[PDB]
Amino acid sequence: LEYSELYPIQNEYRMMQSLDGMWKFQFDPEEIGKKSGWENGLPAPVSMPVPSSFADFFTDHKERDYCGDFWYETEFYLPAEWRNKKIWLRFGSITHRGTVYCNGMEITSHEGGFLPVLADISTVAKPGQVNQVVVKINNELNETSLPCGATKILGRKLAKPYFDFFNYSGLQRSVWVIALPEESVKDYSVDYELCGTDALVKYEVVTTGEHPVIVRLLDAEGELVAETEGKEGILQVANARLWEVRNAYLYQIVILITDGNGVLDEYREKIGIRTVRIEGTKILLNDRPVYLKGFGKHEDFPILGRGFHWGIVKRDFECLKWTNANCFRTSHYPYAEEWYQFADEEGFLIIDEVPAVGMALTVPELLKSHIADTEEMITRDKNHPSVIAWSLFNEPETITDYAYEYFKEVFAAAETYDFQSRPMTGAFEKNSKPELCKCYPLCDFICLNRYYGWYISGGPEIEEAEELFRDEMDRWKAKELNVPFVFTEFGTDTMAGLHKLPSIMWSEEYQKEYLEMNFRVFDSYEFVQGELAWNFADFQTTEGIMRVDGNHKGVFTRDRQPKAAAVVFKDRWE
Amino acid sequence: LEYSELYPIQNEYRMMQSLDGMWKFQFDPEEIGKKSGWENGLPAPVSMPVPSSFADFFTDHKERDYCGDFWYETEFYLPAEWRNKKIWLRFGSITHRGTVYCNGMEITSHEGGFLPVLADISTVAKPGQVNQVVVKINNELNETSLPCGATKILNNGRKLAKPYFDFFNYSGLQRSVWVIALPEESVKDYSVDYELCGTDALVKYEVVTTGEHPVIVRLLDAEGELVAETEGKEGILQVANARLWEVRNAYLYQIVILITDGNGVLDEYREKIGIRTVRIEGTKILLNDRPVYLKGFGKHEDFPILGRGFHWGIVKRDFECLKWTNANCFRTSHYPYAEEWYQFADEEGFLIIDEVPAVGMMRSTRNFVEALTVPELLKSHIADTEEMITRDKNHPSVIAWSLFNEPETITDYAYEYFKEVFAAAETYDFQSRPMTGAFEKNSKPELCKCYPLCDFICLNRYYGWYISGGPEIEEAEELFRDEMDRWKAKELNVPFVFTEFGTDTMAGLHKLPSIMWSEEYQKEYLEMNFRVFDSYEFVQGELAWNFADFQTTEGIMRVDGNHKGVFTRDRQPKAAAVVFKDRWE
């Protein structure tokens with residue numbers, strides 16, 4: 001990559017300053033901003049919180065549903081001391097695609113709305129002065145970038161997703177301006193081997209120069225436990241304190257660039273010594289089988305939309321721990337980096353998912369976008385101990401040799417980017433029948449999204465649903481694939497407060513009964529090794545006749561309170 | 001004050017770095033932290049978001065309801081280039097009281113949970129190194145500090161807050177925290193006051209600095225163009241063809257305050273201000289020499305999960321909802337809000353009644369839930385008043401100070417108490433703008449001794465809810481008119497603003513005919529209240545209780561908090577919201 005994905009830190013060599021706050025903001029329905037000098041400042045802005053999705057602040061439909069080009073602007077004072085450092089704007093994300101300007105100059109553009117955007121403003125930055133950043137953003141959906149959809153023209157544009165979740169957009173994550181030394185740590189990778197009571201931390205370091213590198217490992221108390229020299233090497237850890245499920249331990253890696261007797265740069269990050277591998281039908285963490293228990297989530301909260309906030313992280317993890325979960329999938333896009341940092345702390349397992357949802361010649365361009373997002377996700381997230389698997393798709397077509405050749409390239413790219421070569425998978429929709437699917441052989445383990453008892457034979461037909469479920473799982477069993485299966489979606493829309501005896505679809509009681517039936521099926525097959533329910537919480541969707549204020553398959557409400565079924569998960573996962 | 005209330009800025013002379021994020025946090029039920037050295041680091045912390053109230057993250061009662069001592073900790077890297085600066089920790093607030101430590105050393109303590117806490121760490125700060133901050137906080141309620149309440153001790157030693165007020169006892173680090181660096185000689189405070197002279201305006205000012213060097217004051221218009229300049233720590237800026245700050249039509253100048261030594265500039269403070277005058281004339285509230293009728297709400301700092309935690313997103317949604325109702329005003333019930341609320345009101349042209357947390361001074365609810373505590377309470381009350389006014393005086397949005405909410409007012413003792421508060425407020429406010437407080441119904445026109453202290457009178461009344469609700473609503477209207485006729489007959493010639501009126505209203509509860517708690521009853525109640533308001537010339541404002549449903553202590557009279565919101569807690573309109581929109585249009 002032409003930039004670093006490394007999370008920004010502050011020390012003797014690296015500086016950072018937050019640009020979060022109220023930005024200037026303006027819609028550009030006529031698409032004349034770049035024609036009209038907007039990159040030098042917006043002509044008639046309103047204020048817009050950053051980080052946040054813009055949609056749910058407004059009281060009018062056309063602003064909430066805005067689709068097209070729209071602009072952000074802010075000003076920041078740059079400390080004079082940042083002079084002659086490499087100065088970067090770092091956006092947690094820009095959703096979905098955008099062009100960054102600084103002091104009237106075009107800096108960079110990015111496609112993909114859920115991963116960091118880095119813009120090198122070294123040559124245009126004005127140390128000791130007020131600087132200006134302007135971002136042109138677009139939130140349309142197409143079939144050549146992720147996530148896929150269409151754009152309808154009423155000249156007013158309307159996003160038409162091929163995915164369920166609401167098309168939130170804007171500057172949904174924190175924005176920093178940072179300063180790095182001229183020769184810096186750009187990237188590093190760690191991989192682990194367990195040796196009795198000891199451990200090896202294998203590493204590679206990429207810098208922007210040719211000076212020597214020293215790598216140190218500190219324990220949780222900051223004590224030096226290992227040290228070595230070189231951009232490539234092994235850190236030997238005696239009596240290693242392994243990072244364990246729901247029982248984290250984090251070391252601190254310290255990467256130094258040196259020039260004789262002085263340090264040029266120093267990067268530090270918390271990491272966790274752990275191994276993950278698929279062995280037969282088992283998922284092994286540190287050589288012991290683990291059964292995944294948890295949820296698909298979303299970045300979704302009232303008013304903020306996908307806007308990041310530590311308070312949402314904290315509540316969600318307390319709820320997760322209360323259910324006795326150990327895992328979540330980042331459905332259906334990489335989350336803010338902070339979610340992974342916290343999962344590292346709390347010992348949660350993550351399946352990290354690229355926004356390959358909603359899946360013509362456009363396909364070669366789509367593949368490029370999909371591979372680019374995969375590269376960025378893996379480079380960003382590989383050193384989190386929590387991240388134990390990559391999900392490279394959600395419910396694509398998989399039953400043609402055409403689909404096979406496409407995903408072969410994606411998986412091949414993912415493999416080259418992940419230093420750890422940790423398990424890769426994808427979530428299969430029901431149409432990927434065991435007799436037809438061509439893509440499951442690409443996977444280290446198989447993830448199934450199934451709604452037997454909701455979309456199939458729901459309600460009075462739920463007994464039929466269970467037989468149909470068992471019939472499919474019997475077909476999978478007969479294949480003797482010798483791989484683990486994880487259910488990554490299953491659930492029922494459930495309106496909090498809707499009670500019925502006997503239960504009906506949409507009642508709290510039916511949600512319980514549906515889950516109990518699914519558990520019976522899960523527990524009937526030895527090779528099922530994980531259950532991640534859909535969804536952790538009710539979340540916003542495109543409005544329509546099938547969505548009663550978003551998706552109500554949450555086990556929790558949108559404001560994070562338990563429906564009756566939450567207790568069912570709690571008791572089972574205990 | 002021994003510190004500056006000025007909002008932090010980033011420029012050539014002043015630096016700031018946010019400490020917001022995930023802090024370490026630990027409850028201290030046995031109160032052993034200090035003797036155990038926790039100021040050097042918490043021994044078994046959990047993670048806690050800052051800014052946020054801590055209560056609503058947890059899944060267990062005892063953590064949510066925790067009352068007593070609890071501790072926060074974080075670490076930060078201090079840029080080497082901050083050496084030879086004055087270095088301060090600035091907490092937007094610390095709720096309710098706390099002691100700030102830095103690098104293991106006690107720095108300062110503060111009482112009052114809703115105003116900035118400044119800690120001078122200059123003598124212990126380590127530039128070019130990681131530094132540590134640890135804060136011991138306490139969230140108990142008592143009768144010698146604001147807001148008032150009691151602390152109950154359960155048989156097993158566990159403490160439980162017992163407020164004398166109807167808002168949940170949220171606490172912790174609810175606002176942003178910065179570490180900042182100032183020049184050794186800096187602008188510490190300034191005040192502006194306005195006079196209108198035809199098409200022109202005068203900006204009278206005072207500047208307080210921490211030194212003796214000369215001061216230069218400039219005023220820039222909204223385009224950054226210089227419109228006035230003068231010299232001296234006291235002076236007058238002459239603005240030709242002034243663009244006044246108007247209700248729901250803001251215009252903001254930028255004041256620029258420079259400290260110089262001739263050779264160069266030592267400090268430069270900048271803030272947006274709005275040229276506007278506020279006065280009471282007879283029964284009229286005059287903004288810029290024209291009557292304004294206040295339309296809006298009492299609010300709260302309250303949102304799901306975050307509690308009172310500050311977030312710009314909440315500000316933005318709330319102001320969009322306010323504008324949609326055609327409101328022009330809110331009261332900061334019942335405590336000063338985060339500074340950002342006022343910054344945004346300035347921008348949006350909203351009027352604010354800024355309220356000190358003098359709530360819970362009602363004898364009835366105290367007894368339900370003194371000679372020696374009242375003198376100490378007065379001191380706390382006056383201190384909070386001084387801090388609020390010093391912090392907020394230069395906002396064009398702030399047009400009035402509310403110095404109490406529903407205290408006892410019918411004794412001569414209460415008069416002497418509030419006489420001192422109002423006297424203090426007057427001396428701290430350079431503008432001497434209107435002062436008021438909100439009166440409960442027990443403050444009968446025949447008995448109240450304190451309303452003469454006010455420049456305009458704010459009434460909290462619930463005729464049709466607590467008094468003669470539902471089938472008796474006709475009687476409620478009669479009783480309401482009876483009281484207002486008594487006020488009318490006093491011919492006080494001052495404006496009256498209703499600062500509370502409303503009904504608990506469950507979203508989705510519909511009934512025909514309406515019942516108390518239904519959406520339809522909220523509408524009917526409001527219509528009845530409007531009919532009464534509109535019958536009296538001297539009524540010049542209506543601020544409904546409340547903007548949005550909000551959290552309270554749980555109990556038999558609170559169904560998941562207070563439901564008198566016109567909006568839900570997640571900021572969506574009940575049926576009554578349109579009633580306000582249509583009326584205020």
# chains A, B, ... in the order shown; residues from 1 in each chain; ligands from 1

$ residues_around --residues "region 51-55 of chain A" --least-positions-apart "2" --cutoff "8 Å" --atoms "only C-alpha atoms" --output "VMD selection string"
(chain A and resid 20 to 21 48 to 49 57 to 58 63 to 66 168 to 175 304 to 308) or (chain B and resid 313)

$ write_last_selection --atoms "N, CA, C and O atoms" --output "mmCIF file, in the first residue's frame"
data_model
loop_
_atom_site.group_PDB
_atom_site.id
_atom_site.type_symbol
_atom_site.label_atom_id
_atom_site.label_comp_id
_atom_site.auth_asym_id
_atom_site.auth_seq_id
_atom_site.Cartn_x
_atom_site.Cartn_y
_atom_site.Cartn_z
ATOM 1 N N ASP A 20 -11.942 15.660 15.288
ATOM 2 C CA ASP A 20 -13.348 15.434 15.626
ATOM 3 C C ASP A 20 -14.007 16.712 16.122
ATOM 4 O O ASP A 20 -13.341 17.596 16.670
ATOM 5 N N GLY A 21 -15.316 16.816 15.931
ATOM 6 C CA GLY A 21 -16.048 17.961 16.432
ATOM 7 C C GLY A 21 -17.142 18.301 15.447
ATOM 8 O O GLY A 21 -17.613 17.434 14.712
ATOM 9 N N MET A 48 -22.062 19.743 11.028
ATOM 10 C CA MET A 48 -22.259 18.296 11.052
ATOM 11 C C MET A 48 -21.278 17.657 12.025
ATOM 12 O O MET A 48 -20.080 17.841 11.893
ATOM 13 N N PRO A 49 -21.792 16.892 13.004
ATOM 14 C CA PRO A 49 -20.904 16.177 13.929
ATOM 15 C C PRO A 49 -20.016 15.168 13.221
ATOM 16 O O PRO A 49 -20.470 14.469 12.322
ATOM 17 N N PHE A 57 -29.867 13.032 11.765
ATOM 18 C CA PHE A 57 -29.978 14.331 12.423
ATOM 19 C C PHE A 57 -31.170 15.129 11.918
ATOM 20 O O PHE A 57 -31.847 15.817 12.686
ATOM 21 N N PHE A 58 -31.425 15.027 10.616
ATOM 22 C CA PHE A 58 -32.385 15.910 9.955
ATOM 23 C C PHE A 58 -33.830 15.545 10.222
ATOM 24 O O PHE A 58 -34.136 14.410 10.600
ATOM 25 N N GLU A 63 -33.200 15.151 3.120
ATOM 26 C CA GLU A 63 -31.874 15.223 3.710
ATOM 27 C C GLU A 63 -31.472 13.870 4.284
ATOM 28 O O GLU A 63 -30.373 13.393 4.022
ATOM 29 N N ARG A 64 -32.363 13.233 5.033
ATOM 30 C CA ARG A 64 -32.070 11.887 5.548
ATOM 31 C C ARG A 64 -31.720 10.908 4.432
ATOM 32 O O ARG A 64 -30.769 10.131 4.548
ATOM 33 N N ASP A 65 -32.504 10.945 3.357
ATOM 34 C CA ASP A 65 -32.337 9.986 2.270
ATOM 35 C C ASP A 65 -31.383 10.445 1.178
ATOM 36 O O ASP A 65 -31.322 9.832 0.107
ATOM 37 N N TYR A 66 -30.659 11.523 1.434
ATOM 38 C CA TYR A 66 -29.792 12.079 0.398
ATOM 39 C C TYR A 66 -28.827 11.057 -0.179
ATOM 40 O O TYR A 66 -28.147 10.345 0.555
ATOM 41 N N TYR A 168 -26.242 4.289 5.581
ATOM 42 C CA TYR A 168 -25.611 5.349 6.359
ATOM 43 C C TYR A 168 -24.291 5.746 5.699
ATOM 44 O O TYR A 168 -23.601 4.898 5.145
ATOM 45 N N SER A 169 -23.921 7.016 5.801
ATOM 46 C CA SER A 169 -22.697 7.486 5.166
ATOM 47 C C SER A 169 -22.218 8.803 5.769
ATOM 48 O O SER A 169 -22.869 9.368 6.659
ATOM 49 N N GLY A 170 -21.083 9.293 5.277
ATOM 50 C CA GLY A 170 -20.472 10.498 5.827
ATOM 51 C C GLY A 170 -19.133 10.176 6.460
ATOM 52 O O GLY A 170 -18.444 9.260 6.013
ATOM 53 N N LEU A 171 -18.748 10.947 7.472
ATOM 54 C CA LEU A 171 -17.509 10.710 8.215
ATOM 55 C C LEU A 171 -17.882 10.062 9.534
ATOM 56 O O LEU A 171 -18.106 10.745 10.539
ATOM 57 N N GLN A 172 -17.956 8.734 9.507
ATOM 58 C CA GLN A 172 -18.579 7.962 10.574
ATOM 59 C C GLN A 172 -17.586 7.564 11.650
ATOM 60 O O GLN A 172 -17.969 7.020 12.682
ATOM 61 N N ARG A 173 -16.309 7.829 11.398
ATOM 62 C CA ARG A 173 -15.259 7.518 12.363
ATOM 63 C C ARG A 173 -14.350 8.709 12.597
ATOM 64 O O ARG A 173 -14.367 9.683 11.841
ATOM 65 N N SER A 174 -13.549 8.634 13.652
ATOM 66 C CA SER A 174 -12.711 9.761 14.014
ATOM 67 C C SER A 174 -11.723 10.113 12.902
ATOM 68 O O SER A 174 -11.311 9.274 12.108
ATOM 69 N N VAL A 175 -11.376 11.386 12.865
ATOM 70 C CA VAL A 175 -10.404 11.903 11.923
ATOM 71 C C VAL A 175 -9.241 12.503 12.706
ATOM 72 O O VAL A 175 -9.451 13.234 13.680
ATOM 73 N N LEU A 304 -26.754 8.454 16.021
ATOM 74 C CA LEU A 304 -25.385 8.441 15.500
ATOM 75 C C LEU A 304 -25.225 7.592 14.232
ATOM 76 O O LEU A 304 -24.264 7.765 13.472
ATOM 77 N N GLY A 305 -26.145 6.653 14.023
ATOM 78 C CA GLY A 305 -26.051 5.768 12.877
ATOM 79 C C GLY A 305 -24.891 4.808 13.075
ATOM 80 O O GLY A 305 -24.877 4.052 14.045
ATOM 81 N N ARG A 306 -23.931 4.823 12.155
ATOM 82 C CA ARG A 306 -22.726 4.006 12.316
ATOM 83 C C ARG A 306 -21.613 4.780 12.999
ATOM 84 O O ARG A 306 -20.476 4.293 13.086
ATOM 85 N N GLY A 307 -21.932 5.980 13.476
ATOM 86 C CA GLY A 307 -20.942 6.809 14.140
ATOM 87 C C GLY A 307 -20.292 6.093 15.310
ATOM 88 O O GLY A 307 -20.983 5.536 16.167
ATOM 89 N N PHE A 308 -18.965 6.114 15.362
ATOM 90 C CA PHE A 308 -18.269 5.434 16.448
ATOM 91 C C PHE A 308 -18.395 6.159 17.776
ATOM 92 O O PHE A 308 -18.270 7.382 17.850
ATOM 93 N N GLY B 313 -23.496 14.854 18.404
ATOM 94 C CA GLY B 313 -24.630 14.287 17.691
ATOM 95 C C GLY B 313 -25.941 14.568 18.405
ATOM 96 O O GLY B 313 -26.984 14.797 17.775
#

$ select_by_dssp --residues "region 49-298 of chain A" --states "strand (DSSP E or B)" --output "ChimeraX atom specification"
/A:49-50,69-77,86-91,95,97-102,105-111,117-120,130-138,149-153,157-161,165,170,175-180,185-195,198-207,213-218,224-229,232-237,244,247,251-258,263-271,276-279,282-285,288-289,292-296

$ closest_residue --among "A:484, A:434, A:68, A:272" --to "residue 345 (chain A)" --atoms "only C-alpha atoms"
A:272

$ interface_residues --of "chain B" --to "chain A" --cutoff "6 Å" --atoms "only C-alpha atoms" --output "list in words"
residues 49, 57, 312, 313 and 317 of chain B

$ write_last_selection --atoms "C-alpha atoms" --output "PDB file, in the first residue's frame"
ATOM      1  CA  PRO B  49     -15.646   5.639  28.266  1.00  0.00           C
ATOM      2  CA  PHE B  57     -23.039   0.497  30.788  1.00  0.00           C
ATOM      3  CA  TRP B 312     -22.208  16.666  19.390  1.00  0.00           C
ATOM      4  CA  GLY B 313     -24.630  14.287  17.691  1.00  0.00           C
ATOM      5  CA  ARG B 317     -30.429  16.207  16.566  1.00  0.00           C
TER       6      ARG B 317
END

$ residues_around --residues "region 249-251 of chain B" --least-positions-apart "6" --cutoff "10 Å" --atoms "only C-alpha atoms" --output "ChimeraX atom specification"
/B:221-222,242-243,272-276,345-350,396-397

$ residues_around --residues "region 454-462 of chain A" --least-positions-apart "6" --cutoff "7 Å" --atoms "only C-alpha atoms" --output "ChimeraX atom specification"
/A:492,504-505

$ closest_residue --among "B:206, B:111, B:429, B:56" --to "residue 383 (chain B)" --atoms "only C-alpha atoms"
B:111

$ residues_around --residues "residue 61 (chain B)" --least-positions-apart "6" --cutoff "12 Å" --atoms "only C-alpha atoms" --output "PyMOL selection string"
chain B and resi 55+67+160+554
